[PDB]
């Protein structure tokens, strides 16, 4: 299973995209690392852009299935989200490279990305309609801001380290602040 060519390319692609981004990624390196010929990569994914889009989409589905947005347990959702990122740092890294490469332009799998968010937003909205979470802020914006506080530390680990100190006492302390902040934001 993990020996299948498609699986090897997938994994090598992740590693390569994670380090060098989309433009800096080298198909040759991916091929070498996957012990697969360059033509095989194109046979399974068509082109570099499609390959990145596919790899990213899969990691996102994994997180979406493992940690669905849950308005009835904001704190538990935050805990699971933080745990996942710590256990799988490739996702956020790929997301950053994508943001840098495409900026505000349409994405290769634009439609699929739209649905991805429409579902998460719906989970937030449902919580608003049921009055479990504030509706002072729109559902999408609300989801975005909660995600911002949970992932910011990954973007600037030097800022986190210097502001809350290294060591578990800081990570854990921060996790606690994120949850207290999320509560104040969604309450009522």
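Residue numbers count along the first chain shown, from 1.
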- Query: Where do the C-alpha atoms have the higher mean temperature factor in this entry, in 160 to 168 or in 12 to 20?
  - Reply: 160 to 168
- Out of 31 to 39 and 144 to 152, which stretch has the higher average CA B-factor listed in the record? 31 to 39
- Which has the highest CA B-factor per the PDB entry: 68, 138, 131, 49? 131
- Name the one of 83, 90, 98, 75 with the greatest CA B-factor according to the PDB entry. 75
